[PDB]
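This is protein_2.txt. It holds compact mmCIF, C-alpha atoms.
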```
# COMPACT_ATOMS: atom_id res chain seq x y z
CA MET A 1 184.21 81.23 35.10
CA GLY A 2 184.37 80.95 31.33
CA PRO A 3 180.61 81.44 30.76
CA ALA A 4 180.62 84.35 33.23
CA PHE A 5 183.54 85.96 31.26
CA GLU A 6 181.77 85.52 27.92
CA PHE A 7 178.59 87.02 29.37
CA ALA A 8 180.57 89.93 30.96
CA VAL A 9 182.50 90.80 27.71
CA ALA A 10 179.26 90.98 25.74
CA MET A 11 177.42 93.01 28.35
CA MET A 12 180.31 95.49 28.74
CA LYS A 13 180.51 95.98 24.97
CA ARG A 14 176.75 96.76 24.78
CA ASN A 15 176.01 98.64 27.98
CA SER A 16 179.26 100.03 29.58
CA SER A 17 181.20 103.19 29.03
CA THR A 18 184.11 105.02 30.61
CA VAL A 19 183.07 108.10 32.54
CA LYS A 20 185.10 111.00 33.80
CA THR A 21 183.80 113.32 36.52
CA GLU A 22 185.78 115.91 38.45
CA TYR A 23 186.30 113.19 41.05
CA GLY A 24 187.92 110.59 38.81
CA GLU A 25 187.52 107.99 36.11
CA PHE A 26 184.86 105.30 36.52
CA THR A 27 183.16 102.42 34.75
CA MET A 28 179.52 103.34 34.08
CA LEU A 29 176.70 100.86 33.24
CA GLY A 30 173.70 102.10 31.25
CA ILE A 31 170.55 100.41 32.41
CA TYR A 32 167.58 101.53 30.31
CA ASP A 33 166.30 104.60 28.49
CA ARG A 34 168.75 107.39 29.54
CA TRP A 35 169.41 105.99 33.07
CA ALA A 36 172.85 104.76 34.09
CA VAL A 37 174.47 103.96 37.43
CA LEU A 38 177.78 105.07 39.05
CA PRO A 39 179.33 104.29 42.44
CA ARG A 40 178.31 107.14 44.78
CA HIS A 41 181.92 108.34 45.07
CA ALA A 42 181.84 109.45 41.38
CA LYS A 43 179.86 112.58 42.40
CA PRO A 44 178.74 113.49 38.83
CA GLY A 45 178.24 117.20 38.12
CA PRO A 46 175.97 118.76 35.45
CA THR A 47 178.34 117.46 32.66
CA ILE A 48 180.38 114.23 32.51
CA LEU A 49 182.73 112.83 29.91
CA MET A 50 181.27 109.62 28.54
CA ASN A 51 183.83 107.90 26.27
CA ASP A 52 185.63 111.30 26.16
CA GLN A 53 182.54 113.17 24.96
CA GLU A 54 180.70 115.80 27.08
CA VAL A 55 177.21 114.71 28.11
CA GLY A 56 174.72 116.64 30.14
CA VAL A 57 173.39 115.14 33.33
CA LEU A 58 169.61 115.66 33.80
CA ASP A 59 169.14 114.11 37.22
CA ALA A 60 171.24 112.26 39.79
CA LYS A 61 169.81 110.30 42.75
CA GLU A 62 172.04 109.02 45.63
CA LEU A 63 170.24 105.87 46.63
CA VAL A 64 169.18 105.14 50.17
CA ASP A 65 166.77 102.61 51.59
CA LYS A 66 163.32 103.31 53.30
CA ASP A 67 165.11 104.46 56.41
CA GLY A 68 167.72 106.67 54.78
CA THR A 69 170.56 104.18 54.99
CA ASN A 70 173.28 104.62 52.29
CA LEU A 71 173.31 102.14 49.41
CA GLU A 72 176.45 103.65 47.77
CA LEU A 73 174.98 104.04 44.33
CA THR A 74 174.09 107.07 42.26
CA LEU A 75 171.59 106.77 39.45
CA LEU A 76 172.03 109.35 36.76
CA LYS A 77 169.82 110.42 33.88
CA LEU A 78 171.73 111.50 30.81
CA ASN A 79 170.82 114.00 28.13
CA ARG A 80 171.47 111.83 25.09
CA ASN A 81 169.36 111.01 22.12
CA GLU A 82 169.98 107.23 22.12
CA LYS A 83 168.42 104.79 24.62
CA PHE A 84 170.53 102.24 26.45
CA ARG A 85 169.75 98.60 25.60
CA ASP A 86 167.26 97.66 28.41
CA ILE A 87 169.12 95.25 30.79
CA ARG A 88 166.68 95.45 33.67
CA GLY A 89 165.84 91.75 33.04
CA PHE A 90 169.45 90.94 34.11
CA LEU A 91 168.94 92.69 37.45
CA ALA A 92 167.70 90.60 40.37
CA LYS A 93 164.79 91.52 42.74
CA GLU A 94 167.01 90.87 45.77
CA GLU A 95 170.72 90.44 46.55
CA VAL A 96 172.37 87.78 44.40
CA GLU A 97 174.69 84.99 45.60
CA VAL A 98 176.77 83.00 43.09
CA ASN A 99 179.63 80.55 43.12
CA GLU A 100 181.58 82.19 40.29
CA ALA A 101 181.63 85.87 39.41
CA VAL A 102 183.71 88.29 37.25
CA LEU A 103 184.31 91.96 37.96
CA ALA A 104 184.55 94.00 34.77
CA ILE A 105 186.28 97.42 34.57
CA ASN A 106 186.23 99.82 31.59
CA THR A 107 188.64 102.85 32.18
CA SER A 108 192.08 104.27 30.98
CA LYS A 109 193.87 102.85 34.05
CA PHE A 110 191.98 99.56 33.31
CA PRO A 111 190.66 99.35 29.72
CA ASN A 112 188.19 96.47 29.12
CA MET A 113 189.61 94.33 31.98
CA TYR A 114 188.05 91.34 33.77
CA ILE A 115 188.90 89.83 37.13
CA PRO A 116 187.66 86.47 38.34
CA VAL A 117 186.50 86.89 41.87
CA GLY A 118 184.96 83.54 42.79
CA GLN A 119 182.07 83.22 45.18
CA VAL A 120 179.83 86.15 45.92
CA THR A 121 178.01 86.22 49.28
CA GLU A 122 175.45 88.61 50.69
CA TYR A 123 177.32 90.56 53.37
CA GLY A 124 174.52 93.11 54.04
CA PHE A 125 175.42 95.82 56.57
CA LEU A 126 178.89 97.40 56.64
CA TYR A 127 180.77 100.62 57.45
CA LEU A 128 182.13 102.27 54.32
CA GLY A 129 184.69 104.94 55.16
CA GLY A 130 182.71 105.80 58.30
CA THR A 131 179.21 105.55 56.76
CA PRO A 132 176.74 102.76 57.62
CA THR A 133 175.86 101.01 54.36
CA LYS A 134 173.48 98.27 53.41
CA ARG A 135 172.99 95.63 50.65
CA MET A 136 176.65 94.87 50.19
CA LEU A 137 177.86 91.76 48.30
CA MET A 138 181.36 90.44 49.14
CA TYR A 139 183.99 88.48 47.19
CA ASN A 140 187.74 87.89 47.13
CA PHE A 141 189.68 90.82 45.84
CA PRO A 142 193.33 91.90 46.59
CA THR A 143 192.16 95.49 46.86
CA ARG A 144 192.60 98.71 44.75
CA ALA A 145 190.75 102.03 44.34
CA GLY A 146 190.11 102.63 40.61
CA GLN A 147 188.04 99.42 40.31
CA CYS A 148 185.25 101.60 41.75
CA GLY A 149 182.39 101.38 39.36
CA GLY A 150 183.42 97.91 38.16
CA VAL A 151 180.41 95.72 37.26
CA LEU A 152 180.01 92.45 39.07
CA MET A 153 178.55 89.69 36.86
CA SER A 154 177.97 85.97 36.54
CA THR A 155 176.45 83.98 33.70
CA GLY A 156 173.19 85.77 32.80
CA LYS A 157 173.27 88.05 35.86
CA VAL A 158 174.33 91.58 36.64
CA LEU A 159 174.89 91.56 40.44
CA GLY A 160 176.17 94.92 41.50
CA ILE A 161 178.68 97.76 41.31
CA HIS A 162 182.08 97.56 43.01
CA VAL A 163 182.27 100.28 45.72
CA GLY A 164 185.44 99.45 47.75
CA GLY A 165 187.46 96.80 49.55
CA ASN A 166 189.58 96.08 52.62
CA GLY A 167 192.69 94.57 51.05
CA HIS A 168 191.39 90.96 50.95
CA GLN A 169 187.68 91.30 50.05
CA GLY A 170 185.86 93.58 47.63
CA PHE A 171 182.37 94.98 48.11
CA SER A 172 179.66 95.70 45.55
CA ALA A 173 176.33 97.53 46.03
CA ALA A 174 173.68 95.07 44.92
CA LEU A 175 172.06 96.41 41.73
CA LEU A 176 168.32 95.64 42.22
CA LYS A 177 165.53 95.64 39.69
CA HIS A 178 163.23 97.90 41.76
CA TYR A 179 165.77 100.80 41.66
CA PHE A 180 164.73 101.26 38.05
CA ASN A 181 161.60 103.04 36.90
CA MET B 1 186.98 83.37 24.77
CA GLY B 2 185.61 81.52 27.78
CA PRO B 3 187.93 78.48 27.43
CA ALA B 4 190.89 80.81 26.84
CA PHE B 5 189.98 82.73 30.07
CA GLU B 6 189.68 79.52 32.11
CA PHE B 7 193.02 78.32 30.77
CA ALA B 8 194.65 81.75 31.45
CA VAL B 9 193.34 81.98 35.10
CA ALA B 10 194.73 78.54 35.90
CA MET B 11 198.08 79.17 34.24
CA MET B 12 198.52 82.55 35.96
CA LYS B 13 197.73 81.03 39.36
CA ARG B 14 200.37 78.29 38.85
CA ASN B 15 203.16 80.00 36.94
CA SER B 16 202.89 83.86 37.22
CA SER B 17 204.13 86.31 39.78
CA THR B 18 204.39 90.05 40.21
CA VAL B 19 207.92 91.35 39.86
CA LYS B 20 209.42 94.66 40.83
CA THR B 21 212.71 95.87 39.38
CA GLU B 22 214.19 99.35 39.63
CA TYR B 23 212.51 100.02 36.29
CA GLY B 24 208.94 99.19 37.30
CA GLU B 25 206.36 96.56 38.12
CA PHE B 26 205.85 93.67 35.70
CA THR B 27 204.05 90.38 35.26
CA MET B 28 206.60 87.55 35.24
CA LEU B 29 205.99 83.98 33.91
CA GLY B 30 208.07 81.12 35.32
CA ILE B 31 208.82 78.59 32.63
CA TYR B 32 210.77 75.65 34.08
CA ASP B 33 213.36 74.91 36.75
CA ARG B 34 214.48 78.40 37.95
CA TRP B 35 214.01 80.13 34.54
CA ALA B 36 211.42 82.86 34.06
CA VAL B 37 210.84 85.49 31.37
CA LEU B 38 210.32 89.30 31.52
CA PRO B 39 209.81 91.90 28.78
CA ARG B 40 213.25 93.33 27.99
CA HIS B 41 212.27 96.75 29.35
CA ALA B 42 212.15 95.28 32.91
CA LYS B 43 215.98 95.42 33.07
CA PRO B 44 216.31 93.12 36.14
CA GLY B 45 219.29 93.77 38.42
CA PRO B 46 221.02 91.26 40.75
CA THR B 47 217.91 91.25 43.07
CA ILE B 48 214.21 91.56 42.16
CA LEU B 49 211.07 91.58 44.26
CA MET B 50 208.98 88.54 43.39
CA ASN B 51 205.58 88.77 45.12
CA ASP B 52 207.21 91.41 47.41
CA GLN B 53 210.05 89.10 48.46
CA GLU B 54 213.73 89.71 47.49
CA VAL B 55 215.10 87.08 45.12
CA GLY B 56 218.56 86.86 43.71
CA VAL B 57 219.03 86.83 39.98
CA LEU B 58 221.66 84.31 38.78
CA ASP B 59 221.68 85.04 35.07
CA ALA B 60 219.79 87.26 32.63
CA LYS B 61 219.88 86.87 28.83
CA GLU B 62 218.45 89.56 26.46
CA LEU B 63 217.26 87.45 23.57
CA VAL B 64 218.28 88.10 20.00
CA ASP B 65 218.04 85.97 16.90
CA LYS B 66 220.98 84.37 14.87
CA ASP B 67 221.76 87.75 13.38
CA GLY B 68 221.59 89.82 16.55
CA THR B 69 218.11 91.21 15.95
CA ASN B 70 216.19 92.16 19.15
CA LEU B 71 213.43 89.82 20.30
CA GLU B 72 212.40 92.04 23.28
CA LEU B 73 212.55 89.33 25.88
CA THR B 74 214.84 88.75 28.84
CA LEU B 75 215.21 85.29 30.29
CA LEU B 76 216.21 85.28 33.91
CA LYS B 77 217.48 82.53 36.18
CA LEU B 78 216.39 82.91 39.77
CA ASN B 79 218.10 81.82 42.96
CA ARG B 80 215.19 80.00 44.57
CA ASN B 81 214.89 76.57 46.01
CA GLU B 82 211.58 75.62 44.31
CA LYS B 83 211.25 74.73 40.61
CA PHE B 84 208.59 76.31 38.43
CA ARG B 85 205.94 73.91 37.11
CA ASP B 86 207.38 73.00 33.64
CA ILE B 87 205.12 74.72 31.01
CA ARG B 88 207.45 74.31 28.06
CA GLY B 89 204.84 71.95 26.50
CA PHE B 90 202.50 75.00 26.25
CA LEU B 91 205.10 76.92 24.22
CA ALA B 92 204.97 76.60 20.43
CA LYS B 93 207.98 75.84 18.12
CA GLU B 94 207.08 78.84 15.93
CA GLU B 95 204.91 81.96 16.13
CA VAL B 96 201.30 81.18 17.04
CA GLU B 97 198.16 82.54 15.33
CA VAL B 98 194.75 82.17 16.98
CA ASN B 99 191.25 83.50 16.55
CA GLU B 100 190.65 84.24 20.24
CA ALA B 101 193.26 85.23 22.80
CA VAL B 102 193.39 86.70 26.36
CA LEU B 103 196.13 88.92 27.76
CA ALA B 104 196.69 88.29 31.46
CA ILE B 105 198.35 90.84 33.81
CA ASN B 106 199.42 90.23 37.43
CA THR B 107 200.61 93.55 39.12
CA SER B 108 199.48 96.18 41.78
CA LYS B 109 198.23 98.57 39.06
CA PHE B 110 196.50 95.48 37.50
CA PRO B 111 196.06 92.60 39.98
CA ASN B 112 195.02 89.28 38.35
CA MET B 113 193.36 91.00 35.34
CA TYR B 114 192.39 89.53 31.95
CA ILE B 115 191.68 91.29 28.68
CA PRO B 116 190.07 89.65 25.67
CA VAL B 117 192.05 90.65 22.65
CA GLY B 118 190.53 88.64 19.80
CA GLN B 119 192.57 87.44 16.86
CA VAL B 120 196.32 87.16 17.08
CA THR B 121 198.32 87.42 13.84
CA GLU B 122 202.01 87.02 13.15
CA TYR B 123 203.25 90.55 12.43
CA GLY B 124 206.99 89.65 12.36
CA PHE B 125 209.32 92.63 11.87
CA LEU B 126 208.65 95.98 13.57
CA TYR B 127 210.35 99.07 15.03
CA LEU B 128 210.01 99.20 18.81
CA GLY B 129 210.91 102.64 20.16
CA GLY B 130 213.56 102.96 17.44
CA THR B 131 214.88 99.36 17.60
CA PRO B 132 214.32 96.80 14.82
CA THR B 133 212.51 93.84 16.39
CA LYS B 134 211.42 90.47 15.14
CA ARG B 135 208.86 87.72 15.96
CA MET B 136 206.10 90.08 17.00
CA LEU B 137 202.46 88.91 17.35
CA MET B 138 199.72 91.57 16.99
CA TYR B 139 196.18 91.92 18.36
CA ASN B 140 193.61 94.60 19.17
CA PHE B 141 194.47 96.59 22.23
CA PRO B 142 193.50 100.22 23.17
CA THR B 143 197.03 100.80 24.41
CA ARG B 144 198.71 101.31 27.85
CA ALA B 145 202.22 100.92 29.31
CA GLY B 146 202.00 98.79 32.50
CA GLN B 147 200.56 95.81 30.57
CA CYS B 148 204.22 95.17 29.68
CA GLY B 149 204.96 91.66 30.73
CA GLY B 150 201.34 90.57 30.29
CA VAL B 151 201.04 86.94 29.10
CA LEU B 152 199.22 86.28 25.88
CA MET B 153 197.24 83.00 25.92
CA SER B 154 194.56 80.99 24.18
CA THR B 155 193.06 77.64 25.10
CA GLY B 156 196.01 75.32 25.81
CA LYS B 157 198.61 77.76 24.45
CA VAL B 158 201.00 80.31 25.85
CA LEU B 159 201.74 82.62 22.87
CA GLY B 160 203.96 85.42 24.03
CA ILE B 161 204.74 88.36 26.29
CA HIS B 162 203.17 91.78 25.76
CA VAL B 163 205.95 94.30 24.92
CA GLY B 164 204.11 97.47 23.74
CA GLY B 165 201.42 98.95 21.51
CA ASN B 166 200.54 101.85 19.23
CA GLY B 167 197.19 102.94 20.65
CA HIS B 168 195.07 100.50 18.58
CA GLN B 169 197.14 97.29 18.44
CA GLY B 170 199.25 95.53 21.05
CA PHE B 171 202.43 93.56 20.37
CA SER B 172 203.78 90.45 22.06
CA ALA B 173 207.19 88.77 21.64
CA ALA B 174 206.43 85.22 20.59
CA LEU B 175 207.48 82.88 23.42
CA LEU B 176 209.09 79.90 21.58
CA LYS B 177 209.93 76.46 22.87
CA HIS B 178 213.55 76.55 21.65
CA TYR B 179 214.39 79.58 23.89
CA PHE B 180 214.31 77.15 26.79
CA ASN B 181 217.12 74.80 27.73
```
Can you give me the file's structure in the form of structure tokens?
Amino acid sequence: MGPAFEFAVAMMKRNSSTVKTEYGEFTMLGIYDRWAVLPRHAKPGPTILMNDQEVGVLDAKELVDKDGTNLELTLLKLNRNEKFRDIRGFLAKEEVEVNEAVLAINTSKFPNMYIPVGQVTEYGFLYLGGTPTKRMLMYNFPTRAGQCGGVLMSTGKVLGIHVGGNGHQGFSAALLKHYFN
Amino acid sequence: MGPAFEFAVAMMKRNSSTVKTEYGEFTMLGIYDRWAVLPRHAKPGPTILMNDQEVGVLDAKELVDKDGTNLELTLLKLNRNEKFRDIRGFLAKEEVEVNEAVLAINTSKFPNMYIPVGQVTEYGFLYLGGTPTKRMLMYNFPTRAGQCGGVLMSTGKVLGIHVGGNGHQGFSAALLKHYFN
């Protein structure tokens, strides 16, 4: 757990920010160039607050698979004049399973907070508030809204983005390499 | 940070609980026998909720030093028929300084959450919402109420209980061995 925590703290310091949209406060992970990811429920508009500063949003893509099935992730391209540190090498080609993971949250209601979640398994297909959803990872998680956007990590690996839970398990959308570019 | 996180997760699983008083929700650390500690602001009454169960409170002591100066801690004796795992050996004789510490919170608004806080230094005397207070430890902490009661730890050491902050630093009451018995 300790190596996953050290990895997570470092990665959050380099690549995460706190984002506010009209729909709430969320942890955001920058991925490369000006592309970041949010849980789909964030619903970014043409401007967001990133670390309390207004930033224009140039594009937003709600991800679905080849057959239009919801993946619960929104990729957003930001009008800034810095690049994110490229972390695409930490993203897997396919859904990651691990024995020990940390969920990291970076918001006002949770500033720079880390939760050990234990084993992550590939759950796959699920209904998310009525909507069929694919590529879900599952882990133990006594369950709150507000963690939405949290970044699921293990040593050397960024696994996914926390998108909800049922009270006893939490669910992340797997964050896959091919989503980028 | 990693060893301090592994230590903190273990210690929280064995010795912490979530407490509700009429004044709010707090992380509580059981120390030995039926004695636990809360930040003074918790103001426990004759019953508390411990992990959502009612538990009688047999005694509560607001700690002050030899000259009546506030230490911002309340020790409480609980009417339960289990003992806490004795962790008095993890409590120092005098205020602890460390290079790397974790603050651990166990509540609804923060369930089983860990924050790396870096260096802890002995601050000593301070005014806490108007009240002169002694034996304060200080660390970096972009600052929220609700962390009150959080347990400050490093590898093999329980340092104190988080009792407030100023926006950039957080403050714990040092949790000293001699407070017990």
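Environment of (176.7, 106.9, 48.4): residues at most 10 Å away, judged by only C-alpha atoms, are residues 38, 39, 40, 41, 42, 43, 61, 62, 63, 64, 69, 70, 71, 72, 73, 74, 128, 131, 133, 163 and 173 of chain A.
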Residues from last step as file, C-alpha atoms, as a PDB file, keeping the file's coordinate frame:
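The result, written out as again.pdb:
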```
ATOM      1  CA  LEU A  38     177.780 105.070  39.050  1.00  0.00           C
ATOM      2  CA  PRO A  39     179.330 104.290  42.440  1.00  0.00           C
ATOM      3  CA  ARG A  40     178.310 107.140  44.780  1.00  0.00           C
ATOM      4  CA  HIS A  41     181.920 108.340  45.070  1.00  0.00           C
ATOM      5  CA  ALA A  42     181.840 109.450  41.380  1.00  0.00           C
ATOM      6  CA  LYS A  43     179.860 112.580  42.400  1.00  0.00           C
ATOM      7  CA  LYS A  61     169.810 110.300  42.750  1.00  0.00           C
ATOM      8  CA  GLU A  62     172.040 109.020  45.630  1.00  0.00           C
ATOM      9  CA  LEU A  63     170.240 105.870  46.630  1.00  0.00           C
ATOM     10  CA  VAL A  64     169.180 105.140  50.170  1.00  0.00           C
ATOM     11  CA  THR A  69     170.560 104.180  54.990  1.00  0.00           C
ATOM     12  CA  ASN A  70     173.280 104.620  52.290  1.00  0.00           C
ATOM     13  CA  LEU A  71     173.310 102.140  49.410  1.00  0.00           C
ATOM     14  CA  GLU A  72     176.450 103.650  47.770  1.00  0.00           C
ATOM     15  CA  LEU A  73     174.980 104.040  44.330  1.00  0.00           C
ATOM     16  CA  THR A  74     174.090 107.070  42.260  1.00  0.00           C
ATOM     17  CA  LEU A 128     182.130 102.270  54.320  1.00  0.00           C
ATOM     18  CA  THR A 131     179.210 105.550  56.760  1.00  0.00           C
ATOM     19  CA  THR A 133     175.860 101.010  54.360  1.00  0.00           C
ATOM     20  CA  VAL A 163     182.270 100.280  45.720  1.00  0.00           C
ATOM     21  CA  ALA A 173     176.330  97.530  46.030  1.00  0.00           C
TER      22      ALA A 173
END
```
Coordinates of chain A after Cα superposition on chain B, as a short mmCIF file (atom, residue, chain, number, x, y, z; two decimals) with C-alpha atoms, in the frame of the given file:
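Done, and the output landed in selection04.cif:
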```cif
data_model
loop_
_atom_site.label_atom_id
_atom_site.label_comp_id
_atom_site.auth_asym_id
_atom_site.auth_seq_id
_atom_site.Cartn_x
_atom_site.Cartn_y
_atom_site.Cartn_z
CA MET A 1 186.98 83.37 24.77
CA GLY A 2 185.62 81.52 27.77
CA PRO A 3 187.93 78.48 27.43
CA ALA A 4 190.89 80.81 26.84
CA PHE A 5 189.98 82.73 30.08
CA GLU A 6 189.68 79.52 32.11
CA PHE A 7 193.02 78.32 30.77
CA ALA A 8 194.65 81.76 31.46
CA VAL A 9 193.34 81.98 35.10
CA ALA A 10 194.73 78.54 35.90
CA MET A 11 198.07 79.16 34.24
CA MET A 12 198.52 82.55 35.96
CA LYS A 13 197.73 81.03 39.36
CA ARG A 14 200.38 78.29 38.85
CA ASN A 15 203.16 80.00 36.94
CA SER A 16 202.89 83.86 37.22
CA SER A 17 204.13 86.30 39.79
CA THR A 18 204.39 90.05 40.21
CA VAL A 19 207.92 91.36 39.86
CA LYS A 20 209.42 94.66 40.83
CA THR A 21 212.72 95.87 39.38
CA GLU A 22 214.19 99.35 39.63
CA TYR A 23 212.50 100.02 36.29
CA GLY A 24 208.94 99.20 37.30
CA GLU A 25 206.37 96.56 38.12
CA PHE A 26 205.85 93.67 35.70
CA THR A 27 204.05 90.38 35.25
CA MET A 28 206.60 87.54 35.24
CA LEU A 29 205.99 83.98 33.91
CA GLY A 30 208.07 81.12 35.31
CA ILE A 31 208.82 78.59 32.64
CA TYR A 32 210.76 75.65 34.08
CA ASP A 33 213.36 74.91 36.74
CA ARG A 34 214.48 78.40 37.95
CA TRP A 35 214.01 80.13 34.54
CA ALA A 36 211.42 82.87 34.06
CA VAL A 37 210.83 85.49 31.37
CA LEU A 38 210.32 89.30 31.52
CA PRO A 39 209.80 91.89 28.78
CA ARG A 40 213.26 93.33 27.98
CA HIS A 41 212.27 96.75 29.35
CA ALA A 42 212.15 95.28 32.91
CA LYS A 43 215.98 95.42 33.07
CA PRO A 44 216.31 93.12 36.14
CA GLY A 45 219.29 93.78 38.42
CA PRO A 46 221.02 91.27 40.75
CA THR A 47 217.91 91.25 43.07
CA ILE A 48 214.20 91.55 42.16
CA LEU A 49 211.07 91.57 44.27
CA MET A 50 208.98 88.54 43.39
CA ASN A 51 205.58 88.77 45.13
CA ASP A 52 207.21 91.41 47.41
CA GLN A 53 210.05 89.10 48.45
CA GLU A 54 213.73 89.71 47.49
CA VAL A 55 215.10 87.07 45.13
CA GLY A 56 218.57 86.86 43.71
CA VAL A 57 219.03 86.83 39.97
CA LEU A 58 221.67 84.30 38.78
CA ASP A 59 221.68 85.04 35.07
CA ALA A 60 219.79 87.26 32.63
CA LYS A 61 219.88 86.87 28.83
CA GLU A 62 218.45 89.56 26.45
CA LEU A 63 217.27 87.45 23.56
CA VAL A 64 218.28 88.10 20.00
CA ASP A 65 218.04 85.96 16.90
CA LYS A 66 220.99 84.37 14.87
CA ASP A 67 221.76 87.75 13.38
CA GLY A 68 221.59 89.82 16.55
CA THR A 69 218.12 91.20 15.95
CA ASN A 70 216.19 92.16 19.15
CA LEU A 71 213.42 89.82 20.30
CA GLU A 72 212.40 92.04 23.27
CA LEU A 73 212.55 89.33 25.88
CA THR A 74 214.84 88.75 28.83
CA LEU A 75 215.20 85.29 30.29
CA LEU A 76 216.22 85.28 33.90
CA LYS A 77 217.47 82.53 36.18
CA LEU A 78 216.39 82.91 39.78
CA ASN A 79 218.10 81.82 42.96
CA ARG A 80 215.19 80.00 44.57
CA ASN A 81 214.88 76.57 46.01
CA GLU A 82 211.58 75.63 44.31
CA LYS A 83 211.24 74.72 40.61
CA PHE A 84 208.59 76.32 38.44
CA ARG A 85 205.94 73.91 37.11
CA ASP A 86 207.38 73.00 33.64
CA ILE A 87 205.13 74.72 31.01
CA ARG A 88 207.45 74.31 28.06
CA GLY A 89 204.84 71.95 26.51
CA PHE A 90 202.50 75.00 26.24
CA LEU A 91 205.10 76.91 24.22
CA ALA A 92 204.97 76.60 20.43
CA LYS A 93 207.97 75.84 18.12
CA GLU A 94 207.08 78.83 15.94
CA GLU A 95 204.91 81.96 16.12
CA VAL A 96 201.30 81.18 17.04
CA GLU A 97 198.17 82.54 15.32
CA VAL A 98 194.75 82.17 16.99
CA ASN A 99 191.25 83.50 16.55
CA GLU A 100 190.66 84.24 20.24
CA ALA A 101 193.26 85.24 22.80
CA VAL A 102 193.39 86.71 26.36
CA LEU A 103 196.13 88.91 27.76
CA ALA A 104 196.69 88.29 31.46
CA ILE A 105 198.35 90.84 33.80
CA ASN A 106 199.42 90.23 37.43
CA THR A 107 200.62 93.55 39.12
CA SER A 108 199.48 96.19 41.78
CA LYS A 109 198.24 98.57 39.06
CA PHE A 110 196.50 95.48 37.50
CA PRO A 111 196.06 92.59 39.98
CA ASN A 112 195.01 89.28 38.35
CA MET A 113 193.35 91.00 35.34
CA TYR A 114 192.39 89.53 31.95
CA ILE A 115 191.68 91.29 28.68
CA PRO A 116 190.08 89.65 25.67
CA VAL A 117 192.04 90.65 22.65
CA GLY A 118 190.54 88.63 19.80
CA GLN A 119 192.56 87.44 16.87
CA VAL A 120 196.31 87.16 17.08
CA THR A 121 198.32 87.42 13.84
CA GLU A 122 202.01 87.02 13.15
CA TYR A 123 203.25 90.55 12.43
CA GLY A 124 206.99 89.65 12.36
CA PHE A 125 209.32 92.63 11.87
CA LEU A 126 208.65 95.98 13.57
CA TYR A 127 210.35 99.07 15.03
CA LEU A 128 210.01 99.20 18.80
CA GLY A 129 210.91 102.63 20.16
CA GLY A 130 213.57 102.96 17.44
CA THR A 131 214.88 99.37 17.60
CA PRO A 132 214.31 96.81 14.82
CA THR A 133 212.52 93.84 16.38
CA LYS A 134 211.43 90.47 15.14
CA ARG A 135 208.86 87.73 15.96
CA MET A 136 206.10 90.08 16.99
CA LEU A 137 202.46 88.91 17.35
CA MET A 138 199.72 91.57 16.99
CA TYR A 139 196.18 91.92 18.36
CA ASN A 140 193.62 94.60 19.17
CA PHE A 141 194.47 96.59 22.23
CA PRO A 142 193.50 100.22 23.17
CA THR A 143 197.03 100.80 24.40
CA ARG A 144 198.71 101.31 27.85
CA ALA A 145 202.22 100.92 29.31
CA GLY A 146 202.00 98.79 32.50
CA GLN A 147 200.55 95.81 30.57
CA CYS A 148 204.21 95.17 29.68
CA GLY A 149 204.96 91.66 30.73
CA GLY A 150 201.33 90.56 30.29
CA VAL A 151 201.04 86.94 29.10
CA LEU A 152 199.21 86.28 25.88
CA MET A 153 197.24 83.01 25.92
CA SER A 154 194.56 80.99 24.18
CA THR A 155 193.05 77.64 25.10
CA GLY A 156 196.01 75.32 25.81
CA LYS A 157 198.61 77.76 24.45
CA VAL A 158 201.00 80.31 25.85
CA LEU A 159 201.75 82.62 22.87
CA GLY A 160 203.96 85.42 24.03
CA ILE A 161 204.74 88.36 26.30
CA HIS A 162 203.17 91.79 25.75
CA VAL A 163 205.95 94.30 24.93
CA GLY A 164 204.11 97.47 23.74
CA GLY A 165 201.42 98.95 21.52
CA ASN A 166 200.55 101.85 19.23
CA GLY A 167 197.19 102.94 20.65
CA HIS A 168 195.06 100.51 18.58
CA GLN A 169 197.14 97.29 18.44
CA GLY A 170 199.25 95.53 21.05
CA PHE A 171 202.42 93.56 20.37
CA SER A 172 203.77 90.45 22.07
CA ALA A 173 207.19 88.77 21.64
CA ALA A 174 206.42 85.22 20.59
CA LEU A 175 207.48 82.88 23.42
CA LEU A 176 209.09 79.90 21.58
CA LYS A 177 209.93 76.47 22.88
CA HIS A 178 213.56 76.55 21.65
CA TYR A 179 214.39 79.58 23.88
CA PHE A 180 214.31 77.15 26.79
CA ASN A 181 217.12 74.81 27.73
#
```
Can you work out which residues from chain A touch chain B at a cut-off of 10 Å (counting all atoms listed in the file) and hand them back as a PyMOL selection string? chain A and resi 1-7+9+103-105+108-117+141-147
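In this structure, atom CA of residue 134 of chain B sits 10.8 Å away from atom CA of residue 67 of chain B.
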Report, in Å with one decimal, the straight-line distance from atom CA of residue 14 of chain A to atom CA of residue 56 of chain A. 20.7 Å
List as a short mmCIF file (atom, residue, chain, number, x, y, z; two decimals) with C-alpha atoms, in the coordinates of the input the protein and nucleic acid residues near residue 60 of chain A, meaning an atom at most 10 Å away when only C-alpha atoms are counted, but skip any in the same chain fewer than 2 places from it.
```cif
data_model
loop_
_atom_site.label_atom_id
_atom_site.label_comp_id
_atom_site.auth_asym_id
_atom_site.auth_seq_id
_atom_site.Cartn_x
_atom_site.Cartn_y
_atom_site.Cartn_z
CA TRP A 35 169.41 105.99 33.07
CA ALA A 36 172.85 104.76 34.09
CA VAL A 37 174.47 103.96 37.43
CA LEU A 38 177.78 105.07 39.05
CA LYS A 43 179.86 112.58 42.40
CA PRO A 44 178.74 113.49 38.83
CA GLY A 45 178.24 117.20 38.12
CA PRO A 46 175.97 118.76 35.45
CA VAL A 57 173.39 115.14 33.33
CA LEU A 58 169.61 115.66 33.80
CA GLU A 62 172.04 109.02 45.63
CA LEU A 63 170.24 105.87 46.63
CA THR A 74 174.09 107.07 42.26
CA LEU A 75 171.59 106.77 39.45
CA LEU A 76 172.03 109.35 36.76
CA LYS A 77 169.82 110.42 33.88
CA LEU A 78 171.73 111.50 30.81
#
```
